[PDB]
$ cat structure-v7.txt   # compact mmCIF, C-alpha atoms
# COMPACT_ATOMS: atom_id res chain seq x y z
CA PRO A 1 113.55 94.03 72.99
CA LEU A 2 113.96 96.27 76.06
CA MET A 3 114.62 93.24 78.29
CA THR A 4 118.33 94.04 77.84
CA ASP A 5 117.94 97.35 79.68
CA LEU A 6 115.36 95.82 82.03
CA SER A 7 117.94 93.27 83.23
CA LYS A 8 120.24 96.19 84.09
CA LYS A 9 117.60 97.46 86.55
CA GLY A 10 118.34 94.73 89.09
CA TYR A 11 116.74 91.95 87.03
CA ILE A 12 117.98 88.49 86.05
CA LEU A 13 117.46 86.91 82.62
CA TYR A 14 117.67 83.12 82.21
CA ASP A 15 117.68 81.33 78.84
CA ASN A 16 116.42 84.50 77.12
CA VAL A 17 113.17 84.08 79.08
CA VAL A 18 111.79 86.61 81.58
CA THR A 19 112.13 84.88 84.96
CA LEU A 20 110.04 85.94 87.96
CA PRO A 21 111.46 84.70 91.29
CA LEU A 22 108.67 83.98 93.74
CA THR A 23 110.26 85.37 96.91
CA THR A 24 111.14 88.74 95.35
CA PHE A 25 107.59 89.18 94.04
CA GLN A 26 106.06 88.21 97.39
CA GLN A 27 108.33 90.59 99.32
CA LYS A 28 107.70 93.44 96.87
CA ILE A 29 103.92 93.00 96.95
CA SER A 30 103.82 92.51 100.74
CA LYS A 31 104.78 96.18 101.26
CA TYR A 32 101.55 97.38 99.61
CA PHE A 33 98.79 95.16 101.04
CA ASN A 34 98.19 93.24 104.26
CA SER A 35 99.60 89.72 104.10
CA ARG A 36 97.15 88.11 106.53
CA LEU A 37 94.02 89.49 104.86
CA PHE A 38 95.20 88.68 101.32
CA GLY A 39 97.25 85.49 101.61
CA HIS A 40 94.45 83.28 100.30
CA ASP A 41 93.84 85.73 97.45
CA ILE A 42 97.55 85.72 96.54
CA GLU A 43 97.82 81.93 96.60
CA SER A 44 94.61 81.51 94.58
CA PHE A 45 95.88 84.01 92.01
CA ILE A 46 99.32 82.41 91.67
CA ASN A 47 98.05 78.81 91.59
CA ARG A 48 95.75 79.52 88.63
CA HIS A 49 98.25 81.72 86.77
CA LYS A 50 101.78 80.49 87.46
CA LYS A 51 103.73 78.72 84.72
CA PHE A 52 107.10 76.97 84.89
CA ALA A 53 109.45 76.56 81.92
CA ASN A 54 111.66 74.07 83.80
CA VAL A 55 111.83 72.02 86.99
CA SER A 56 113.11 75.05 88.93
CA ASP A 57 112.46 77.95 86.52
CA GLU A 58 109.10 79.49 87.46
CA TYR A 59 107.93 82.83 86.10
CA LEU A 60 104.77 84.90 85.65
CA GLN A 61 103.85 86.36 82.26
CA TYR A 62 103.31 89.75 83.93
CA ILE A 63 105.27 93.01 83.83
CA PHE A 64 104.71 95.94 86.17
CA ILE A 65 104.47 99.54 85.00
CA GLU A 66 106.77 101.17 87.59
CA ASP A 67 109.79 99.05 86.66
CA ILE A 68 109.39 99.93 82.96
CA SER A 69 108.42 103.61 83.23
CA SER A 70 111.17 105.91 82.00
CA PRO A 71 112.52 108.31 84.69
CA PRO B 1 87.52 119.86 115.64
CA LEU B 2 88.10 117.98 118.92
CA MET B 3 91.88 117.89 118.31
CA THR B 4 92.26 120.51 121.06
CA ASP B 5 91.28 118.00 123.76
CA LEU B 6 92.21 114.77 121.94
CA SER B 7 95.87 115.81 121.78
CA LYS B 8 95.85 116.60 125.51
CA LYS B 9 94.80 113.00 126.22
CA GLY B 10 97.89 111.57 124.50
CA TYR B 11 96.20 110.25 121.35
CA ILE B 12 97.36 110.90 117.78
CA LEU B 13 95.31 111.34 114.61
CA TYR B 14 96.47 108.93 111.89
CA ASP B 15 95.13 109.39 108.34
CA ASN B 16 92.44 111.67 109.82
CA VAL B 17 91.27 108.68 111.88
CA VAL B 18 91.26 108.48 115.67
CA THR B 19 93.71 105.94 117.10
CA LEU B 20 92.89 103.93 120.23
CA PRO B 21 95.65 101.67 121.61
CA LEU B 22 94.69 98.05 122.21
CA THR B 23 96.44 97.72 125.58
CA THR B 24 94.66 100.67 127.21
CA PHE B 25 91.42 99.47 125.61
CA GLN B 26 91.72 96.12 127.40
CA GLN B 27 92.57 97.81 130.71
CA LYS B 28 89.09 99.26 131.26
CA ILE B 29 87.21 96.19 129.98
CA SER B 30 89.16 93.66 132.07
CA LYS B 31 86.16 93.12 134.37
CA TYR B 32 83.76 93.06 131.40
CA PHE B 33 85.88 90.49 129.51
CA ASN B 34 86.28 86.82 130.40
CA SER B 35 87.79 84.11 128.21
CA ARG B 36 85.37 81.45 129.44
CA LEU B 37 82.38 83.81 129.46
CA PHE B 38 82.82 86.63 126.92
CA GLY B 39 85.72 85.51 124.71
CA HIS B 40 83.63 83.89 121.98
CA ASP B 41 81.15 86.78 121.95
CA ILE B 42 83.93 89.38 121.91
CA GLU B 43 85.69 87.61 119.02
CA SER B 44 82.74 88.35 116.72
CA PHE B 45 83.02 92.02 117.69
CA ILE B 46 86.81 92.14 117.31
CA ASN B 47 86.99 90.55 113.87
CA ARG B 48 83.92 92.33 112.49
CA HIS B 49 84.47 95.95 113.55
CA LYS B 50 88.09 96.35 114.66
CA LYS B 51 90.43 97.24 111.78
CA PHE B 52 94.22 97.50 111.87
CA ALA B 53 96.71 99.29 109.64
CA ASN B 54 99.13 96.35 109.81
CA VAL B 55 100.08 93.51 112.15
CA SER B 56 101.61 95.84 114.76
CA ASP B 57 99.47 98.99 114.50
CA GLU B 58 96.02 98.74 116.11
CA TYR B 59 93.23 101.31 116.26
CA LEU B 60 89.48 101.52 116.80
CA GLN B 61 86.98 103.70 114.93
CA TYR B 62 85.17 104.58 118.15
CA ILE B 63 85.65 106.71 121.26
CA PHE B 64 84.21 106.66 124.77
CA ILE B 65 82.13 109.82 125.15
CA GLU B 66 81.66 109.22 128.88
CA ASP B 67 85.38 108.62 129.49
CA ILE B 68 86.52 111.90 127.88
CA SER B 69 84.34 114.21 129.99
CA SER B 70 86.24 115.99 132.75
CA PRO B 71 84.92 114.94 136.22
$ encode --input "structure-v7.txt" --output "structure tokens"
Amino acid sequence: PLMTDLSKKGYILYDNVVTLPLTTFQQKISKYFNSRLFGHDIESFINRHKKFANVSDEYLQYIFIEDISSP
Amino acid sequence: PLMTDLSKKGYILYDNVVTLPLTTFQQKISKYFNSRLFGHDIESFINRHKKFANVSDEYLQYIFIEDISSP
């Protein structure tokens, strides 16, 4: 139920389904680990885990802890 | 404890790890490095032992004991 307040944290909700844009996730995770040394790991992880609910709607059934931790 | 002389040489300690610039590293080994002769051999050294913080930052976990002694 807290997706309502989660969407107010700079998040976008589509069709009442948690949507994970690819570029935002890649840019956010690129600031923590080296891209060159982990690109194959990232692509292998996403290829075997990604799921799309539409032709263009692609999301990951994963939620971080920082974006949901209360301040 | 060698920070007294390391700082005088213009080097900086990053994450308690000595930093050696790549450009000045290649300056001394210009005669000892050749693309046609030593490039393939030096690649196995570079990829195996040299580690970088990111794409831009470069450092080596080694120092020249003979090159730091005052003549």
$ interface_residues --input "structure-v7.txt" --of "chain A" --to "chain B" --cutoff "9 Å" --atoms "all atoms listed in the file" --output "CSV table (one decimal) with C-alpha atoms, in the coordinates of the input"
chain,number,residue,atom,x,y,z
A,33,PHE,CA,98.8,95.2,101.0
A,34,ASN,CA,98.2,93.2,104.3
A,35,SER,CA,99.6,89.7,104.1
A,36,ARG,CA,97.2,88.1,106.5
$ residues_around --input "structure-v7.txt" --residues "region 66-68 of chain A" --least-positions-apart "4" --cutoff "12 Å" --atoms "only C-alpha atoms" --output "NGL selection string"
:A and (2-11 or 28 or 62)
$ atom_distance --input "structure-v7.txt" --atom1 "CA of residue 1 (chain A)" --atom2 "CA of residue 58 (chain A)"
21.0 Å
$ calpha_fit_rmsd --input "structure-v7.txt" --fixed "chain A" --moving "chain B"
2.5 Å
$ atom_distance --input "structure-v7.txt" --atom1 "CA of residue 51 (chain A)" --atom2 "CA of residue 30 (chain A)"
21.1 Å
$ residues_around --input "structure-v7.txt" --residues "residue 17 (chain B)" --least-positions-apart "5" --cutoff "9 Å" --atoms "all atoms listed in the file" --output "PyMOL selection string"
chain B and resi 12+59-61
$ atom_distance --input "structure-v7.txt" --atom1 "CA of residue 40 (chain A)" --atom2 "CA of residue 22 (chain B)"
26.4 Å
$ decode --input "structure-v7.txt" --residues "chain B" --atoms "C-alpha atoms" --output "PDB file, in the first residue's frame"
ATOM      1  CA  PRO B   1      55.260   6.128   8.480  1.00  0.00           C
ATOM      2  CA  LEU B   2      57.012   7.240   5.255  1.00  0.00           C
ATOM      3  CA  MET B   3      54.482  10.068   4.748  1.00  0.00           C
ATOM      4  CA  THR B   4      57.222  12.531   5.746  1.00  0.00           C
ATOM      5  CA  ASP B   5      59.160  11.868   2.532  1.00  0.00           C
ATOM      6  CA  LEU B   6      56.283  10.641   0.345  1.00  0.00           C
ATOM      7  CA  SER B   7      54.502  13.996   0.646  1.00  0.00           C
ATOM      8  CA  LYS B   8      57.704  15.827  -0.318  1.00  0.00           C
ATOM      9  CA  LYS B   9      57.783  13.867  -3.596  1.00  0.00           C
ATOM     10  CA  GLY B  10      54.355  15.152  -4.660  1.00  0.00           C
ATOM     11  CA  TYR B  11      52.371  11.946  -4.099  1.00  0.00           C
ATOM     12  CA  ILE B  12      49.111  11.680  -2.157  1.00  0.00           C
ATOM     13  CA  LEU B  13      47.814   8.842   0.023  1.00  0.00           C
ATOM     14  CA  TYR B  14      44.335   7.747  -1.093  1.00  0.00           C
ATOM     15  CA  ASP B  15      42.368   5.352   1.141  1.00  0.00           C
ATOM     16  CA  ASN B  16      45.637   4.618   2.981  1.00  0.00           C
ATOM     17  CA  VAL B  17      47.031   3.353  -0.343  1.00  0.00           C
ATOM     18  CA  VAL B  18      49.991   4.840  -2.199  1.00  0.00           C
ATOM     19  CA  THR B  19      49.079   6.474  -5.514  1.00  0.00           C
ATOM     20  CA  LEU B  20      51.415   6.317  -8.518  1.00  0.00           C
ATOM     21  CA  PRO B  21      50.385   8.296 -11.629  1.00  0.00           C
ATOM     22  CA  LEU B  22      50.320   6.358 -14.890  1.00  0.00           C
ATOM     23  CA  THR B  23      51.969   9.069 -17.002  1.00  0.00           C
ATOM     24  CA  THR B  24      55.068   9.409 -14.818  1.00  0.00           C
ATOM     25  CA  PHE B  25      55.179   5.610 -14.545  1.00  0.00           C
ATOM     26  CA  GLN B  26      55.469   5.305 -18.330  1.00  0.00           C
ATOM     27  CA  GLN B  27      58.135   8.034 -18.485  1.00  0.00           C
ATOM     28  CA  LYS B  28      60.847   5.945 -16.815  1.00  0.00           C
ATOM     29  CA  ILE B  29      59.952   2.682 -18.582  1.00  0.00           C
ATOM     30  CA  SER B  30      59.835   4.178 -22.095  1.00  0.00           C
ATOM     31  CA  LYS B  31      63.099   2.451 -23.031  1.00  0.00           C
ATOM     32  CA  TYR B  32      62.006  -0.784 -21.320  1.00  0.00           C
ATOM     33  CA  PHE B  33      58.624  -0.802 -23.117  1.00  0.00           C
ATOM     34  CA  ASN B  34      58.057  -1.525 -26.806  1.00  0.00           C
ATOM     35  CA  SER B  35      54.720  -2.222 -28.481  1.00  0.00           C
ATOM     36  CA  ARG B  36      56.220  -4.735 -30.918  1.00  0.00           C
ATOM     37  CA  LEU B  37      58.522  -6.290 -28.296  1.00  0.00           C
ATOM     38  CA  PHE B  38      57.086  -5.885 -24.779  1.00  0.00           C
ATOM     39  CA  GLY B  39      53.461  -4.843 -25.315  1.00  0.00           C
ATOM     40  CA  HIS B  40      51.933  -8.317 -25.129  1.00  0.00           C
ATOM     41  CA  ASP B  41      54.077  -9.262 -22.126  1.00  0.00           C
ATOM     42  CA  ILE B  42      53.312  -5.984 -20.346  1.00  0.00           C
ATOM     43  CA  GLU B  43      49.565  -6.411 -20.936  1.00  0.00           C
ATOM     44  CA  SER B  44      49.528  -9.508 -18.714  1.00  0.00           C
ATOM     45  CA  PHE B  45      51.212  -7.464 -15.981  1.00  0.00           C
ATOM     46  CA  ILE B  46      48.921  -4.446 -16.414  1.00  0.00           C
ATOM     47  CA  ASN B  47      45.627  -6.336 -16.309  1.00  0.00           C
ATOM     48  CA  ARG B  48      46.692  -8.753 -13.570  1.00  0.00           C
ATOM     49  CA  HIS B  49      48.293  -6.470 -10.968  1.00  0.00           C
ATOM     50  CA  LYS B  50      47.356  -2.867 -11.783  1.00  0.00           C
ATOM     51  CA  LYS B  51      44.081  -1.789 -10.164  1.00  0.00           C
ATOM     52  CA  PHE B  52      42.199   1.477 -10.678  1.00  0.00           C
ATOM     53  CA  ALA B  53      39.620   3.296  -8.574  1.00  0.00           C
ATOM     54  CA  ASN B  54      37.611   4.231 -11.678  1.00  0.00           C
ATOM     55  CA  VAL B  55      38.138   4.891 -15.390  1.00  0.00           C
ATOM     56  CA  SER B  56      40.066   8.125 -14.789  1.00  0.00           C
ATOM     57  CA  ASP B  57      41.924   7.469 -11.520  1.00  0.00           C
ATOM     58  CA  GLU B  58      44.968   5.201 -11.812  1.00  0.00           C
ATOM     59  CA  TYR B  59      47.318   3.949  -9.107  1.00  0.00           C
ATOM     60  CA  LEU B  60      49.811   1.156  -8.471  1.00  0.00           C
ATOM     61  CA  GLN B  61      50.294  -0.836  -5.266  1.00  0.00           C
ATOM     62  CA  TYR B  62      54.078  -0.660  -5.586  1.00  0.00           C
ATOM     63  CA  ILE B  63      56.900   1.843  -5.200  1.00  0.00           C
ATOM     64  CA  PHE B  64      60.451   2.088  -6.534  1.00  0.00           C
ATOM     65  CA  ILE B  65      62.782   1.749  -3.549  1.00  0.00           C
ATOM     66  CA  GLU B  66      65.821   2.674  -5.650  1.00  0.00           C
ATOM     67  CA  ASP B  67      64.143   5.760  -7.142  1.00  0.00           C
ATOM     68  CA  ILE B  68      63.206   7.304  -3.764  1.00  0.00           C
ATOM     69  CA  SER B  69      66.722   7.264  -2.270  1.00  0.00           C
ATOM     70  CA  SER B  70      68.413  10.660  -2.293  1.00  0.00           C
ATOM     71  CA  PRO B  71      71.566  10.597  -4.516  1.00  0.00           C
TER      72      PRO B  71
END
